[PDB]
$ cat protein_28.cif   # mmCIF, C-alpha atoms
data_target
loop_
_atom_site.label_atom_id
_atom_site.label_comp_id
_atom_site.auth_asym_id
_atom_site.auth_seq_id
_atom_site.Cartn_x
_atom_site.Cartn_y
_atom_site.Cartn_z
CA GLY A 1 -4.61 -10.42 20.34
CA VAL A 2 -7.48 -11.98 18.39
CA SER A 3 -8.39 -15.69 18.01
CA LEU A 4 -10.99 -18.00 16.47
CA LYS A 5 -11.50 -19.69 19.83
CA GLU A 6 -13.20 -16.43 20.84
CA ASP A 7 -16.95 -16.26 20.34
CA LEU A 8 -18.44 -14.40 17.37
CA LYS A 9 -19.69 -11.63 19.66
CA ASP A 10 -16.19 -10.61 20.73
CA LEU A 11 -14.64 -11.01 17.29
CA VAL A 12 -17.18 -8.70 15.69
CA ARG A 13 -16.51 -6.07 18.35
CA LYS A 14 -12.76 -6.38 17.87
CA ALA A 15 -13.42 -6.38 14.14
CA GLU A 16 -14.69 -2.83 14.45
CA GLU A 17 -11.92 -1.59 16.74
CA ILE A 18 -9.56 -2.95 14.09
CA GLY A 19 -11.46 -1.49 11.14
CA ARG A 20 -11.17 1.95 12.72
CA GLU A 21 -7.52 1.67 13.78
CA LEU A 22 -6.87 0.76 10.14
CA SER A 23 -9.04 3.28 8.35
CA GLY A 24 -6.74 6.30 8.37
CA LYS A 25 -3.60 4.23 7.83
CA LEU A 26 -4.34 1.46 5.36
CA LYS A 27 -5.60 2.59 1.96
CA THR A 28 -9.11 1.13 1.64
CA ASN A 29 -9.77 -1.86 -0.68
CA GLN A 30 -6.12 -2.46 -1.53
CA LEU A 31 -6.06 -6.09 -0.45
CA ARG A 32 -8.49 -6.86 -3.28
CA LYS A 33 -6.52 -9.71 -4.88
CA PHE A 34 -7.03 -11.43 -1.54
CA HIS A 35 -10.61 -10.38 -0.93
CA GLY A 36 -11.46 -11.73 -4.34
CA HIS A 37 -9.80 -15.10 -3.95
CA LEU A 38 -11.50 -15.36 -0.55
CA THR A 39 -14.92 -14.72 -2.07
CA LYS A 40 -14.46 -17.55 -4.57
CA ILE A 41 -13.41 -20.03 -1.88
CA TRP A 42 -16.35 -19.01 0.27
CA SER A 43 -18.68 -19.52 -2.70
CA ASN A 44 -17.27 -23.02 -3.26
CA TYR A 45 -17.89 -23.62 0.48
CA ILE A 46 -21.49 -22.38 0.65
CA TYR A 47 -22.09 -24.40 -2.52
CA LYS A 48 -21.31 -27.78 -0.97
CA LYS A 49 -21.77 -26.76 2.68
CA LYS A 50 -23.27 -30.03 3.91
CA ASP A 51 -20.89 -31.97 1.63
CA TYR A 52 -18.06 -30.37 3.66
CA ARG A 53 -19.34 -30.65 7.23
CA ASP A 54 -19.28 -34.46 6.84
CA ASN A 55 -16.10 -34.81 4.78
CA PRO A 56 -12.86 -33.52 6.36
CA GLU A 57 -10.81 -34.87 3.45
CA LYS A 58 -12.74 -33.00 0.76
CA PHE A 59 -12.77 -29.89 2.97
CA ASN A 60 -9.03 -30.06 3.40
CA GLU A 61 -8.03 -30.62 -0.15
CA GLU A 62 -10.67 -28.33 -1.72
CA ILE A 63 -11.16 -25.45 0.74
CA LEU A 64 -8.41 -25.07 3.30
CA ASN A 65 -5.66 -26.17 0.94
CA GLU A 66 -6.56 -23.04 -1.06
CA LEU A 67 -6.66 -20.96 2.15
CA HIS A 68 -3.10 -22.22 2.68
CA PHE A 69 -1.92 -20.77 -0.62
CA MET A 70 -3.81 -17.52 -0.04
CA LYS A 71 -2.15 -16.81 3.28
CA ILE A 72 1.24 -17.51 1.75
CA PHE A 73 0.72 -15.24 -1.27
CA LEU A 74 -0.71 -12.53 0.97
CA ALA A 75 2.42 -12.52 3.13
CA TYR A 76 4.69 -12.51 0.06
CA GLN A 77 2.86 -9.67 -1.63
CA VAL A 78 2.46 -7.57 1.50
CA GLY A 79 6.15 -8.23 2.19
CA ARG A 80 7.07 -6.84 -1.22
CA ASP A 81 4.76 -3.84 -0.82
CA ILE A 82 6.55 -2.83 2.31
CA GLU A 83 9.97 -3.24 0.68
CA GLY A 84 8.80 -1.26 -2.33
CA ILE A 85 7.57 1.92 -0.59
CA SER A 86 10.51 1.78 1.84
CA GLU A 87 12.83 1.64 -1.11
CA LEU A 88 10.99 4.49 -2.77
CA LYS A 89 11.08 6.50 0.45
CA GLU A 90 14.82 5.97 0.92
CA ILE A 91 15.42 7.02 -2.68
CA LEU A 92 13.29 10.16 -2.56
CA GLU A 93 14.04 11.59 0.95
CA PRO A 94 17.71 12.43 0.30
CA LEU A 95 16.99 13.79 -3.19
CA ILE A 96 14.39 16.24 -1.96
CA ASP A 97 16.93 17.81 0.44
CA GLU A 98 19.32 18.17 -2.50
CA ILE A 99 16.87 20.43 -4.33
CA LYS A 100 18.53 23.79 -3.91
CA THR A 101 17.67 25.52 -7.20
CA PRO A 102 14.85 25.64 -9.70
CA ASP A 103 16.92 23.52 -12.13
CA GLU A 104 17.49 20.92 -9.46
CA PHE A 105 13.74 20.96 -8.69
CA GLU A 106 13.15 20.24 -12.39
CA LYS A 107 15.70 17.46 -12.40
CA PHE A 108 13.94 15.99 -9.38
CA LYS A 109 10.51 16.18 -10.94
CA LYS A 110 11.75 14.55 -14.12
CA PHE A 111 13.33 11.83 -12.02
CA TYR A 112 10.12 11.18 -10.09
CA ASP A 113 8.04 11.21 -13.31
CA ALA A 114 10.34 8.58 -14.80
CA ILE A 115 10.05 6.27 -11.82
CA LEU A 116 6.29 6.79 -11.95
CA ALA A 117 6.06 6.21 -15.69
CA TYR A 118 8.11 3.00 -15.61
CA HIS A 119 6.42 1.76 -12.42
CA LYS A 120 3.07 1.94 -14.21
CA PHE A 121 4.49 0.68 -17.53
CA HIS A 122 6.01 -2.66 -16.48
CA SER A 123 2.74 -3.69 -14.77
CA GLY B 1 23.11 5.26 -4.85
CA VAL B 2 21.50 8.36 -6.44
CA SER B 3 22.19 12.12 -6.28
CA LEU B 4 20.81 15.25 -7.93
CA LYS B 5 24.31 16.27 -8.89
CA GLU B 6 24.31 13.43 -11.41
CA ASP B 7 23.38 14.65 -14.89
CA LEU B 8 19.64 14.49 -15.78
CA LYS B 9 20.25 11.60 -18.08
CA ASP B 10 22.08 9.15 -15.75
CA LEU B 11 19.24 9.95 -13.34
CA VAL B 12 16.45 8.75 -15.67
CA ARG B 13 18.44 5.61 -16.43
CA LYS B 14 18.48 4.93 -12.71
CA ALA B 15 14.80 5.85 -12.59
CA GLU B 16 14.10 3.29 -15.28
CA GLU B 17 15.72 0.55 -13.16
CA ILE B 18 13.97 1.64 -9.97
CA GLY B 19 10.62 1.89 -11.75
CA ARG B 20 11.06 -1.54 -13.35
CA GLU B 21 11.87 -3.08 -9.98
CA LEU B 22 8.90 -1.43 -8.27
CA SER B 23 6.48 -2.91 -10.81
CA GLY B 24 7.02 -6.37 -9.41
CA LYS B 25 6.67 -5.21 -5.82
CA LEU B 26 4.52 -2.13 -5.47
CA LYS B 27 0.95 -1.78 -6.61
CA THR B 28 0.77 1.32 -8.72
CA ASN B 29 -0.79 4.16 -6.62
CA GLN B 30 0.60 3.98 -3.09
CA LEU B 31 1.68 7.62 -2.81
CA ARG B 32 -1.37 9.39 -4.17
CA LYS B 33 -1.46 12.19 -1.55
CA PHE B 34 2.33 12.51 -1.90
CA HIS B 35 2.21 12.65 -5.72
CA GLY B 36 -0.54 15.23 -5.33
CA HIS B 37 1.41 17.46 -2.93
CA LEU B 38 4.36 17.28 -5.32
CA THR B 39 2.47 18.24 -8.46
CA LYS B 40 0.82 21.06 -6.52
CA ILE B 41 4.21 22.44 -5.51
CA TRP B 42 5.47 21.88 -9.05
CA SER B 43 2.57 23.68 -10.66
CA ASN B 44 3.05 26.51 -8.18
CA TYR B 45 6.63 26.86 -9.26
CA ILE B 46 5.87 26.59 -13.01
CA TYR B 47 3.09 29.16 -12.66
CA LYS B 48 5.45 31.89 -11.40
CA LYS B 49 8.54 30.33 -12.88
CA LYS B 50 10.39 33.46 -14.04
CA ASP B 51 9.71 35.20 -10.75
CA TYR B 52 11.01 32.17 -8.79
CA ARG B 53 14.11 31.86 -10.98
CA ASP B 54 14.85 35.60 -10.46
CA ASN B 55 14.33 35.65 -6.66
CA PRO B 56 16.13 32.79 -4.85
CA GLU B 57 14.75 34.06 -1.55
CA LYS B 58 11.17 33.79 -2.80
CA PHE B 59 11.95 30.33 -4.20
CA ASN B 60 13.46 29.28 -0.89
CA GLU B 61 10.55 30.47 1.25
CA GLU B 62 7.76 29.37 -1.07
CA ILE B 63 8.91 26.30 -2.93
CA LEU B 64 11.84 24.84 -1.01
CA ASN B 65 9.99 25.31 2.26
CA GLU B 66 6.99 23.38 0.95
CA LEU B 67 9.25 20.66 -0.50
CA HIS B 68 10.68 20.23 2.99
CA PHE B 69 7.18 19.69 4.42
CA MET B 70 6.65 17.23 1.60
CA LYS B 71 9.79 15.37 2.55
CA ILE B 72 8.55 15.12 6.16
CA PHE B 73 5.09 14.11 5.02
CA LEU B 74 6.44 11.30 2.84
CA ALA B 75 8.13 9.71 5.88
CA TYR B 76 4.92 9.98 7.83
CA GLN B 77 2.77 8.52 5.03
CA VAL B 78 5.08 5.64 4.20
CA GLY B 79 5.30 4.80 7.90
CA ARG B 80 1.53 4.65 8.21
CA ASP B 81 1.03 2.64 5.01
CA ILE B 82 3.48 0.07 6.32
CA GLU B 83 2.01 -0.35 9.75
CA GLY B 84 -1.51 -0.34 8.31
CA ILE B 85 -0.95 -3.23 5.96
CA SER B 86 1.42 -5.05 8.30
CA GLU B 87 -1.17 -4.94 11.07
CA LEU B 88 -4.00 -6.28 8.91
CA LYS B 89 -1.79 -9.08 7.61
CA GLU B 90 -0.68 -9.93 11.13
CA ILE B 91 -4.31 -10.17 12.13
CA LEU B 92 -5.34 -12.23 9.09
CA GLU B 93 -2.37 -14.63 8.94
CA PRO B 94 -2.71 -16.29 12.36
CA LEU B 95 -6.49 -16.52 12.05
CA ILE B 96 -6.23 -18.24 8.71
CA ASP B 97 -3.73 -20.64 10.39
CA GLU B 98 -6.47 -21.56 12.87
CA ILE B 99 -9.07 -22.53 10.27
CA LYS B 100 -9.28 -26.33 10.36
CA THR B 101 -13.05 -26.84 10.32
CA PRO B 102 -16.16 -25.47 8.56
CA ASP B 103 -17.29 -23.74 11.79
CA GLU B 104 -13.94 -22.03 12.10
CA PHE B 105 -14.10 -21.06 8.41
CA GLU B 106 -17.46 -19.35 8.62
CA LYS B 107 -16.53 -17.69 11.89
CA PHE B 108 -13.45 -16.32 10.15
CA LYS B 109 -15.47 -15.13 7.19
CA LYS B 110 -17.79 -13.25 9.56
CA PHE B 111 -14.92 -11.54 11.35
CA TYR B 112 -13.39 -10.65 8.01
CA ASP B 113 -16.70 -9.29 6.70
CA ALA B 114 -16.89 -7.10 9.81
CA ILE B 115 -13.31 -5.83 9.55
CA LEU B 116 -13.85 -4.98 5.89
CA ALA B 117 -17.12 -3.18 6.69
CA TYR B 118 -16.05 -1.08 9.71
CA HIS B 119 -12.97 -0.37 7.57
CA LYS B 120 -14.75 1.15 4.54
CA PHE B 121 -17.04 2.96 6.99
CA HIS B 122 -14.34 5.47 7.98
CA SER B 123 -12.54 7.34 5.19
#
$ encode --input "protein_28.cif" --output "structure tokens"
Amino acid sequence: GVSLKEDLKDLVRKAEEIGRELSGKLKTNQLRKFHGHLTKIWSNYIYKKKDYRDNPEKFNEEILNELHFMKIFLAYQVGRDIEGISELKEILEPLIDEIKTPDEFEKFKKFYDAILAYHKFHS
Amino acid sequence: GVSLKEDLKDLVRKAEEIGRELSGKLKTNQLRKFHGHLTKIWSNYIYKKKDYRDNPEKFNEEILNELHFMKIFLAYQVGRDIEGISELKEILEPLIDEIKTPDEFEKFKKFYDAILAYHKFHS
């Protein structure tokens, strides 16, 4: 329930309620592709700050047009993250309950290691 | 689509496919604490391997029991990872929608700085 109509005071306070509700759950500094691309846009903005506050057309095609692609790529990538771990979870959960013997434990571990190894390879 | 009764080989073929798929979706270390619990259980088993392979009861109560906690813990972790990242994205997305002006931009940036900061603050 947060909005940019709100004054800075209230956003900053909500920004800390949010940062703490996140901290245990979300792995820290994992949205770094996004944080990065945001820092470049912001640098381009500070750069020509007074060039932008008088020129809506430049601002739109140079700054917020890039914000438009960021928000899209964020959603896409987050969307695929969620699918990924869910897929991994639905693959592993039933296998773990099929481990009934040491040999099956070994077969499981080899299976996990292979997923791991190829996950990290194809990147 | 996968079972431990399949032979070790047809399993690592399937693992290859799953791993390959996950490379385009998942960033590469989402299950660190899970991977860690696993290897700990695995190294426990390997360390007293002969003993475990000779006493099914000991294997059941010391390895299979822990693997069951691991299975429960994976659900919990994946669930938290998903709602963590989904929540942040659902806070960022609509705010980025609302950025139409320089003032709105720098107000966003300030909120984002604050989220990021009160987010790293708690580990």
$ calpha_fit_rmsd --input "protein_28.cif" --fixed "chain A" --moving "chain B"
1.0 Å
$ interface_residues --input "protein_28.cif" --of "chain A" --to "chain B" --cutoff "7 Å" --atoms "only C-alpha atoms" --output "NGL selection string"
:A and (3-4 or 8 or 11-12 or 15-16 or 18-20 or 22-26 or 28 or 53 or 71 or 80-82 or 84-85 or 89 or 93 or 95-96 or 98 or 102 or 104 or 107 or 111 or 114-116 or 118-120 or 122-123)
$ atom_distance --input "protein_28.cif" --atom1 "atom CA of residue 41 of chain A" --atom2 "atom CA of residue 73 of chain A"
14.9 Å
$ atom_distance --input "protein_28.cif" --atom1 "atom CA of residue 57 of chain B" --atom2 "atom CA of residue 33 of chain B"
27.2 Å
$ atom_distance --input "protein_28.cif" --atom1 "atom CA of residue 37 of chain B" --atom2 "atom CA of residue 66 of chain B"
9.0 Å
$ decode --input "protein_28.cif" --residues "segment 9-58 of chain B" --atoms "N, CA and C atoms" --output "compact mmCIF listing (two decimals), in the first residue's frame"
# COMPACT_ATOMS: atom_id res chain seq x y z
N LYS B 9 21.49 -43.80 -14.29
CA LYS B 9 21.83 -43.14 -15.52
C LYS B 9 20.67 -42.33 -16.08
N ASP B 10 19.51 -42.94 -16.33
CA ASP B 10 18.35 -42.17 -16.82
C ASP B 10 17.98 -40.99 -15.92
N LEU B 11 18.34 -41.08 -14.64
CA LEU B 11 18.26 -39.96 -13.72
C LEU B 11 19.18 -38.79 -14.10
N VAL B 12 20.45 -39.05 -14.43
CA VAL B 12 21.35 -37.91 -14.65
C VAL B 12 21.13 -37.33 -16.04
N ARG B 13 20.49 -38.09 -16.93
CA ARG B 13 20.03 -37.52 -18.19
C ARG B 13 18.93 -36.52 -17.91
N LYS B 14 17.97 -36.92 -17.08
CA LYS B 14 16.91 -36.02 -16.69
C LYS B 14 17.47 -34.81 -15.92
N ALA B 15 18.53 -35.04 -15.15
CA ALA B 15 19.12 -33.97 -14.37
C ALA B 15 19.77 -32.96 -15.30
N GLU B 16 20.37 -33.48 -16.36
CA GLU B 16 20.98 -32.63 -17.38
C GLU B 16 19.94 -31.65 -17.95
N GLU B 17 18.79 -32.18 -18.37
CA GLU B 17 17.70 -31.38 -18.91
C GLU B 17 17.21 -30.34 -17.91
N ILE B 18 16.92 -30.79 -16.69
CA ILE B 18 16.45 -29.89 -15.65
C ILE B 18 17.47 -28.80 -15.38
N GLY B 19 18.73 -29.19 -15.17
CA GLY B 19 19.80 -28.22 -14.99
C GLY B 19 19.91 -27.20 -16.12
N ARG B 20 19.84 -27.68 -17.35
CA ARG B 20 19.94 -26.81 -18.52
C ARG B 20 18.81 -25.78 -18.48
N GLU B 21 17.59 -26.26 -18.26
CA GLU B 21 16.44 -25.38 -18.16
C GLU B 21 16.58 -24.32 -17.07
N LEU B 22 17.03 -24.74 -15.90
CA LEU B 22 17.19 -23.84 -14.77
C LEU B 22 18.23 -22.75 -14.97
N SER B 23 19.13 -22.92 -15.93
CA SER B 23 20.17 -21.93 -16.18
C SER B 23 19.60 -20.67 -16.78
N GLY B 24 18.55 -20.83 -17.58
CA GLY B 24 17.89 -19.68 -18.16
C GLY B 24 16.88 -19.01 -17.24
N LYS B 25 16.61 -19.62 -16.09
CA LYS B 25 15.56 -19.11 -15.22
C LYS B 25 16.09 -18.72 -13.86
N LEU B 26 16.76 -19.66 -13.23
CA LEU B 26 17.28 -19.46 -11.89
C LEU B 26 18.67 -18.90 -11.92
N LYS B 27 18.91 -17.90 -11.08
CA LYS B 27 20.26 -17.50 -10.72
C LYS B 27 20.81 -18.62 -9.85
N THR B 28 22.13 -18.72 -9.77
CA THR B 28 22.82 -19.99 -9.54
C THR B 28 23.00 -20.50 -8.08
N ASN B 29 22.62 -19.69 -7.08
CA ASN B 29 22.76 -20.10 -5.68
C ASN B 29 21.56 -19.72 -4.81
N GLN B 30 20.40 -20.24 -5.18
CA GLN B 30 19.16 -19.91 -4.49
C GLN B 30 18.89 -20.80 -3.28
N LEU B 31 19.58 -21.92 -3.19
CA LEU B 31 19.26 -22.92 -2.18
C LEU B 31 20.47 -23.22 -1.31
N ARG B 32 21.24 -22.17 -1.05
CA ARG B 32 22.49 -22.31 -0.32
C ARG B 32 22.31 -23.07 0.98
N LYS B 33 21.44 -22.59 1.87
CA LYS B 33 21.20 -23.26 3.16
C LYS B 33 20.63 -24.68 2.99
N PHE B 34 19.88 -24.90 1.90
CA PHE B 34 19.42 -26.24 1.58
C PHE B 34 20.56 -27.14 1.10
N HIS B 35 21.38 -26.64 0.17
CA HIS B 35 22.52 -27.39 -0.34
C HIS B 35 23.47 -27.73 0.80
N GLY B 36 23.61 -26.79 1.74
CA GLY B 36 24.43 -26.99 2.92
C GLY B 36 23.90 -28.05 3.86
N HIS B 37 22.60 -28.05 4.14
CA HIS B 37 22.01 -29.08 4.99
C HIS B 37 22.20 -30.46 4.33
N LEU B 38 22.02 -30.51 3.01
CA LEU B 38 22.18 -31.76 2.31
C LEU B 38 23.59 -32.29 2.46
N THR B 39 24.59 -31.48 2.12
CA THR B 39 25.96 -31.98 2.12
C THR B 39 26.33 -32.36 3.54
N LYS B 40 25.78 -31.67 4.53
CA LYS B 40 26.07 -32.04 5.91
C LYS B 40 25.54 -33.44 6.23
N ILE B 41 24.30 -33.71 5.83
CA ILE B 41 23.72 -35.02 6.00
C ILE B 41 24.51 -36.06 5.19
N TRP B 42 24.91 -35.70 3.99
CA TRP B 42 25.66 -36.62 3.14
C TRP B 42 27.00 -36.94 3.75
N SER B 43 27.67 -35.95 4.31
CA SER B 43 29.02 -36.20 4.82
C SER B 43 28.92 -36.96 6.12
N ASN B 44 27.80 -36.80 6.82
CA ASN B 44 27.51 -37.61 8.00
C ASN B 44 27.40 -39.07 7.63
N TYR B 45 26.66 -39.34 6.57
CA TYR B 45 26.44 -40.69 6.13
C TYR B 45 27.76 -41.30 5.63
N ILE B 46 28.46 -40.60 4.73
CA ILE B 46 29.75 -41.09 4.23
C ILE B 46 30.75 -41.36 5.36
N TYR B 47 30.73 -40.52 6.39
CA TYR B 47 31.69 -40.68 7.47
C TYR B 47 31.52 -41.94 8.31
N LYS B 48 30.31 -42.47 8.39
CA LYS B 48 30.07 -43.72 9.12
C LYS B 48 29.37 -44.69 8.20
N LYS B 49 29.79 -44.66 6.94
CA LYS B 49 29.09 -45.35 5.86
C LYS B 49 28.83 -46.82 6.14
N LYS B 50 29.89 -47.57 6.48
CA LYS B 50 29.76 -49.00 6.70
C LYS B 50 28.77 -49.30 7.83
N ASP B 51 28.92 -48.57 8.92
CA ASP B 51 28.00 -48.66 10.04
C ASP B 51 26.54 -48.40 9.59
N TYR B 52 26.31 -47.35 8.80
CA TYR B 52 24.96 -47.06 8.35
C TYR B 52 24.42 -48.14 7.41
N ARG B 53 25.29 -48.71 6.59
CA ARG B 53 24.86 -49.70 5.61
C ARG B 53 24.59 -51.05 6.29
N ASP B 54 25.18 -51.25 7.47
CA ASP B 54 24.98 -52.46 8.27
C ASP B 54 23.81 -52.39 9.27
N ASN B 55 23.42 -51.18 9.67
CA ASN B 55 22.29 -51.00 10.59
C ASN B 55 21.23 -50.07 10.01
N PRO B 56 20.22 -50.66 9.35
CA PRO B 56 19.13 -49.90 8.73
C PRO B 56 18.45 -49.01 9.76
N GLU B 57 18.29 -49.52 10.98
CA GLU B 57 17.64 -48.75 12.03
C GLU B 57 18.41 -47.49 12.34
N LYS B 58 19.73 -47.59 12.43
CA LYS B 58 20.57 -46.42 12.69
C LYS B 58 20.49 -45.43 11.52
